[PDB]
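Heads up: the structure comes next, in structure tokens.
Just so you know, all these numbers are worked out from the coordinates, no wet-lab data involved. Cβ sites come from the backbone with ideal geometry, for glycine too, and all protein chains shown count toward neighbours.
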There are 4 protein chains.
Amino acid sequence: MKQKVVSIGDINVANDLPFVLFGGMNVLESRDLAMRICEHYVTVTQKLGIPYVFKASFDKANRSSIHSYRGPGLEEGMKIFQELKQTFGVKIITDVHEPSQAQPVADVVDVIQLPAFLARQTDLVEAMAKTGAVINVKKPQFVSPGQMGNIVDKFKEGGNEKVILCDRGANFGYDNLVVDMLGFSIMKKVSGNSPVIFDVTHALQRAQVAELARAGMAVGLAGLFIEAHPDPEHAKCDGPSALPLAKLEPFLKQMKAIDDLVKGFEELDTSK
Amino acid sequence: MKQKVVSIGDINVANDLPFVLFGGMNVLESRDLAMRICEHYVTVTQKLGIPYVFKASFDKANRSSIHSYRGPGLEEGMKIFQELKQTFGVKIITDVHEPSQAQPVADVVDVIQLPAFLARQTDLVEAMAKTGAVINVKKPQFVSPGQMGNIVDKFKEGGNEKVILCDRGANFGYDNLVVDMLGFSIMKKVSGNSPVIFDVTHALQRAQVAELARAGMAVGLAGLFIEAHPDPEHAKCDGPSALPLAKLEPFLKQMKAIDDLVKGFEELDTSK
Amino acid sequence: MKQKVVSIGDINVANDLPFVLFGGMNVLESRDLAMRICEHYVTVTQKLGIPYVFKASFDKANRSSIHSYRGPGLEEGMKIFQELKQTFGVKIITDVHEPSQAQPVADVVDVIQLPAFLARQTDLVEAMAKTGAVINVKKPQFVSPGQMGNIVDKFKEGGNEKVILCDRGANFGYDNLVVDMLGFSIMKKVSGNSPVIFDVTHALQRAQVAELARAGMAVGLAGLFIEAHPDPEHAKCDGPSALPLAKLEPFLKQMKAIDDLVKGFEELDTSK
Amino acid sequence: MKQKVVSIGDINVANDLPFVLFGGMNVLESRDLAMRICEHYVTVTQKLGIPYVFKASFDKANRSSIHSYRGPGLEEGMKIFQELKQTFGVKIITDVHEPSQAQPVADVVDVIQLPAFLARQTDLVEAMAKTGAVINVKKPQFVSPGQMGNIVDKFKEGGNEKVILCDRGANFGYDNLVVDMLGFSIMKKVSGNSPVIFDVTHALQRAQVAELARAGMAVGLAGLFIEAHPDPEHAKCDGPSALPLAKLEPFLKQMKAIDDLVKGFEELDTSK
């Protein structure tokens, strides 16, 4: 059984291919920051030899208080990815929230993204189904790994057949998430074997980002989604749990050593 | 400690007042159906003596397949509640999904409603925060009962201080919901004691709608949300689990006998 | 469909009969305490009109530190229930832990009890299966409500067909319990409709013992298990959460008003 | 921070040392089977270079029906490990259930074992606390990873300071288990850094035994517990999910490649 490949330009994402990193930051605070962050990634990846798709959000739909930092905005956010593309030559992956934002961003960026909270939103999906651009469905925390068929189906119909599934853990009691390492295969299966990626930073609402990233990779994955910040501490807020830039490399060496050791194993059948 | 009252016209919703029923149907299939359903409710309530707010959806945002029954639509759906208002003289409660639908419906209906999937959507909330109409926040299944403060806060700010909290269970493992009967007080507390209601039919993804409705009511609640259909069987699909019209009355007698017996108990303190 | 009755002397426990209280204390600290506690129960029940089966533990198998208060012991504990029986004329319900303690206690007490931790212990069950005395199986927190068939089966075989099922909640994430109010019927069903009782104090690892007891009773139950202490505060430790003696009555009035209102309802079918 | 070592004869178990396999079978059906199984392990380990502690149960306390295969028995079971020791020269690890079985087995075998169901059993623990032999505490499914302090404490007191912690997943809703890969560090921590091992076969109530074993090992563990059977199919029953003997080797190559790649990584700090 072969894996479905979903190519993002020259990059080919797929469950049996070496993992692709969809690194980056959470929100686009300031280009001086984006630029620095994305600068460090590019360098680290390039050096270690890892495909990459810088990720960042230009909009914040579910923030605290109305009087909060919405975000650059779609019209000002998009202009930033512009500069980063030229200056660095990397792919941009961003999340849309309203059915109208679909097409605009589709041009500007390589891989768009569907938020879990909305995963189940026909109008927004169909609008993304149009564009035809690479789709990344974030697996909602309140949905089992085997329900990811209808989501991919609802995209096939929309004329879009380039989809990646992102897992970020599941609810474990109140205010808590646990990642089911068995959920990754159950997702490959029901999705025609589409690419499955692990959003480690977002599955961790710590000095834990590593042990948890190793377990994910050892399973064998198409990719890995993560976020980092120059100063996690002071800047700490809530939602995800960013990785410390200065640790990117020794952390990515961890993955490769795993993603390679495992990515080249003789198929095993514990089934019989 | 007194309870916050949120009046919907002549109706006053509140945790220590007799429960209000927000009955109705799931979607607005056809007026000949709406009319029949709402006809049976009105009669049954009126007879037994229960405040009531017919409920129905004119739009379906998260349905299966793009080629499915979207719904009447906002422009054709609203015209229906019109006729039902005059013909019956009951309150209308409906759910909006896009920040623009806010105001239109605000006029047409008494109590609007915020979907859980979007509960965390500032733009849509703020747009609902404007209208100033009575708000009903559906407690997401992936959020603990004590997180319902920020939601009510984000509404106060929007200039809207008329809010009801609706509980519909919490994730219990994969593809399953359990209702925490302790969640109701933890919600009254963090919400300035705003009204809390139980969506029994939606907390049941059966011959169970009753035993589960009794436990909810015995706790003591501001209200109760439910849905019924003339023929649950054949029409069965998915999402909620409608009540059989023909059983409304013997089921509502159950509640009153509970909601009254409990609603008039001498405050008890097991605390000390 | 009629309910299986399990009579404890002159007392008949059963799902459609008025609820039986299996009140009491946690451990047998001192007779001066047992006597006081059991004195207050007897009086309160007798007065309100409720069957009763004083409960207490003479042994503590899973306590903290080896250097802790084991408990009176089986040989000294049993002597206490002796005095209480004569002085008060009430039934005694206690838990055994080792296959040998079975018979001794069987004489001394009316209703024995099987701990959840051991629920799955053939030797201990079979030893209890012998005695022939009334059995009370505590539903383990890590076992679904529909697995309670094998336990009752494994008792039928042992020649014992007098069994009650006690529910005390289920694991909800780490260090937490939620009570599934739907679990009670699923238990009646698979157990030939044997009596089902709710251990409210033990399902609460508060000023919550009441709201949670009302929901349980409103479902409709054969009985109710609870524990109380003169001074919950200072004495507070861990395991259960005792009720304040001084609140027994106003709390039991709550139940009767529920257990009676519900226990005499016209059978309802939300099924069709 | 160094790890606590717990040596079983010439074998040293510890979180930063290469993983130790505690392979074997579930129950001791027949020596012709034990011998075959243990024969295949010994050979495979010896060849690949892995410490090993054959495991098997001589007693079945929580089986179905009283009329089931109890097991060889303590007096006949122990005689078997005898023969296997001489014939193969491997360590024996077995589980005891009654406070009296403690010492007898302590002689006969290298590493004893405490069942989760009883994890919280002072008398049985203290009896095991005596013997002084290597202890293996099975982490109950209904207990969080940070509660494993009291268990190790209750053993220190008993005069026994040679303990290993075994994780086999946690309850995820009804009748289901999920393994929290973050639970392993939280266990090292509260246990003075005692050895932590993963019972993969028992955390799986499949063709999944592998992907799940890789994630566990990639975290970094002191050991790994597993069970295999010549013919998993036909023999299938319930409790665990045995590995197919014929797949031991290609499955253990998987682990070593992981346990070695990870066991020799430059300590990383994602903390800051």
Requested in this report: Let me know the shape class of the range C:95-173, please: from the alpha-carbon gyration tensor, a ≥ b ≥ c as square roots of the eigenvalues, rounded when a/c is under 1.5, otherwise prolate if a/b is greater than b/c, or oblate.
Outcome: prolate
Report summary line: Least to most buried among A:107, B:153, D:95, by other C-beta atoms within 10 Å and fewest first, runs A:107, B:153, D:95
Requested in this report: Work out Dmax and Rg for the range B:1-67 from the C-alpha atoms and quote the Rg first, both in angstrom.
Outcome: 15.4, 52
Query raised in the report: Where does the charge balance sit around residue D:254 when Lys and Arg score +1, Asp and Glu -1, over other residues with C-beta under 13 Å from its C-beta?
Result: -2
Query raised in the report: Do the sum for chain A: with -39,500 (n - 2.57) for every DSSP H run of n ≥ 4, divided by all residues, what is the mean residue ellipticity at 222 nm, to the nearest 500 deg cm²/dmol?
Result: -11000 deg cm²/dmol
Query raised in the report: Based on the alpha-carbon gyration tensor of the range C:40-120, what equivalent-ellipsoid semi-axes (square roots of 5 times the eigenvalues) come out, in whole Å, largest first?
Result: 25, 14, 14
Report summary line: In the neighbourhood of residue A:56 defined by beta carbon distances under 10 Å, the net charge of the other residues (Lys, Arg +1; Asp, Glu -1) is -2
**Report entry** Selection from C:87, C:111, C:27, by position along the positive dipole direction of the range C:9-133 (Cβ)
**Finding:** C:27
Query raised in the report: Counting only DSSP beta bridges with both residues in chain D, what percent are antiparallel, rounded to the nearest 5?
Result: 15 percent
Query raised in the report: How far is residue B:31 from itself in the other copies, in nm, if each label sits 7 Å out from Cα along the Cα-Cβ line, shortest first?
Result: 5.7, 8.2, 8.8
Report task. Would you mind listing the distances between the residue C:64 label point and the same position in each other copy? Use 7 Å along Cα-to-C-beta, nm, one decimal, shortest first. Result -> 3.3, 4.1, 5.2
**Report entry** Cα-centred dipole magnitude for the protein assembly as shown, charges only on beta-carbon of K, R (+1) and D, E (-1), debye, nearest 20
**Finding:** 0 debye
Query raised in the report: Between copies, how close do the residue A:5 label points come, placed 7 Å along Cα→Cβ, listed in nm from shortest?
Result: 5.0, 7.0, 7.6
Query raised in the report: Using the scaling law 2.2 N^0.38 Å as the reference, what is the normalised Cα Rg of chain B?
Result: 0.94
Query raised in the report: For C:253, A:47, what ranking results if the residue with the fewest other Cβ atoms within 10 Å of its Cβ goes first?
Result: A:47, C:253
Report summary line: Other residues with Cβ under 11 Å from the Cβ of residue C:21 give, with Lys and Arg +1 and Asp and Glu -1, a net charge of +2
Report summary line: Rh (Kirkwood, all Cα-Cα pairs) for the protein assembly as shown, Å, reads 31.5 Å
**Report entry** Label-to-label distance, nm, for residues given as residue A:43 and residue C:1 (7 Å Cα→Cβ offset)
**Finding:** 7.0 nm
Requested in this report: With chain D rotated onto chain B, spot the residue of D whose Cβ lies nearest the axis and note the distance in whole Å.
Outcome: D:173, 1
Report summary line: Quick calc, chain C, dipole around Cα centre from Cβ unit charges on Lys, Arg (+) and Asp, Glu (-), nearest 20 debye, gives 280 debye
Query raised in the report: Of all DSSP beta bridges located in the protein assembly as shown, what percent are antiparallel, nearest 5?
Result: 15 percent
Query raised in the report: Taking neighbour Cβ counts within 10 Å as the exposure measure, how do B:197, A:8, B:80 sort from fewest upward?
Result: B:80, A:8, B:197
Report summary line: Under 19 Å between C-alpha atoms, the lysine pairs in the range C:122-272 lying 8 or more places apart or on different chains count 27
Report summary line: One finds the C-alpha centres of the range B:201-268 and the range B:75-107 to be spaced, in Å, by 24 Å
